Structure formats: C-alpha cells, structure tokens
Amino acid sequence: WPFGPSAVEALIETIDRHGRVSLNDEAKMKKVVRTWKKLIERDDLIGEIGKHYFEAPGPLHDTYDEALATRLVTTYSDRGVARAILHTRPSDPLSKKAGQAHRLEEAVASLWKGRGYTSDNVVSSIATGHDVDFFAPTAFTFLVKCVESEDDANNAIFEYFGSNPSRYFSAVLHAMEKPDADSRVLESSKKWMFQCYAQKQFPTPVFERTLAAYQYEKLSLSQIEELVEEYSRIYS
C-alpha cells in the first residue's frame, strides 16, 4: 500500500508493463526469456499469476458482464432494463459514460440471445406503448444490437405491427417529425418497407390498394398518395 510489492505483484506489474508499451521484436525476445526465468525460479508464482489474469485478462475484458446482466434482469425485469438502457443513453457522442452504457446494453442483448429470445421478445421488452418510439434513435440502436442489422430491426418492428405496412409507414413518418430524429435511418426504414413490396413484385395499383386496405393513428389521404407516388417513381 505504501510498501513493497509481493513477488507475485511485482511480476504482474512487469508483465503488464511489457504488454502496455506493446512494441518490439528484439525487446520481446529478451523480455519473455527474463519473465520465464522469474516464473520458474520459484514454485509459488504460476498459480497466483494465472488466477490473476484468468479473473482479469486485460484492460478491455468484460468477463463478468453476463453475471451482472443476470442479476439486473432478475431484479428489475426485462422491461426495467430495457427502459434504463433506452433512457440513460448519453446523447453526447463523446460522453465519458457511453462505454459503461454500451457494456450494460450489450450484456443484456447477449444474455437474451443466449436464453433463446426472439425478435418479438426484444421489441416487446422495448415497447413503450407508442409506435413512434420504436424508431427513436435510443431505441432503434439497442434493437439493432439485439437483432444484428437494420434489415432485421425494421422487419421486427413490421412484424410486431402485425405486418401492417400502413401502421409501419405512419410510425416512420411521425418519427421523422420528432425533434431529434435521425432522418437517414428513418429514410432507410421507409426505403426498407418500399423495397419489401418491390421485391415481392407488387404493381403500384396493388400497392395503393394494400395501403388503403390495412386501414395507432392512420395515414392521411395525401400521405397515401405520396407513398404511392414514391413507390411508382422509384421502386417501379
């Protein structure tokens, strides 16, 4: 504390030093020989140093994140933790807190995947009660960490919406109106729905009829016409 290190502590500080200044072949070859000599010269080092790295392999390790998530999910429910993840996400990209937050949310995503959750379980956990909230950046980001892509995220929202293109579009647009919207990602979700219909080869007239038939606040006559026009001009 104010005093000398144990043999174990001292050797650990050496190995760390060597791994932090990183570097250089000729230096490596000599330093590793020296370290080896120290490890073998007595019989009470290998076990303890091994255990030390086992419990903490390096400065980027996240060894116990799953246990933490298990504790938290168990204590505060899937909905509790979804809410906390969505709400405490720092808005500042340079936030000192973003790392911690990414660890927590990534730990929850992994835990859920490993328990066998579906896309639907994830969206359901995220659900606030307002469709538009799915496309809010803080929510959409988490969702993407859970289902691994924008394609799967959009698709999961669509399916959670009973696969209703009108509900989906309404949500995307309303979202676009929102104050901190990420218009590029929203543009991408919109494009995604259109592309779903194109891929399945819908004629524009059938697209229009589909939008109408599926009628959560609905789409305006002008909205339906605008969507149909886009479909017609862009996605054949």
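Residues carry their position along the shown sequence, with the first being 1.
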{"query": "Unmodelled stretch of the deposited sequence separating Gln215 from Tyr216, binned as none, 1 to 3, 4 to 9 or 10 or more", "finding": "10 or more"}
{"query": "180-188 or 63-71, whichever carries the higher mean Cα B-factor", "finding": "180-188"}
{"query": "159-167 versus 108-116 - which carries the larger mean C-alpha B factor in the record", "finding": "159-167"}
{"query": "Which of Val206, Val33, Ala56, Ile46 ranks first by CA B-factor in the deposited coordinates", "finding": "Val206"}
{"query": "Third of the chain's Cα B-factor distribution that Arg42 belongs to, per the entry", "finding": "middle"}
{"query": "B-factor third for the C-alpha atom of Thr88 within its chain", "finding": "middle"}
{"query": "Cα B factor band for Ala153 (lowest, middle or highest third within the chain)", "finding": "middle"}
{"query": "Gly99 - which third its CA temperature factor falls in, relative to the rest of the chain", "finding": "lowest"}
{"query": "Chain thirds of CA B-factor: placement of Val123", "finding": "middle"}
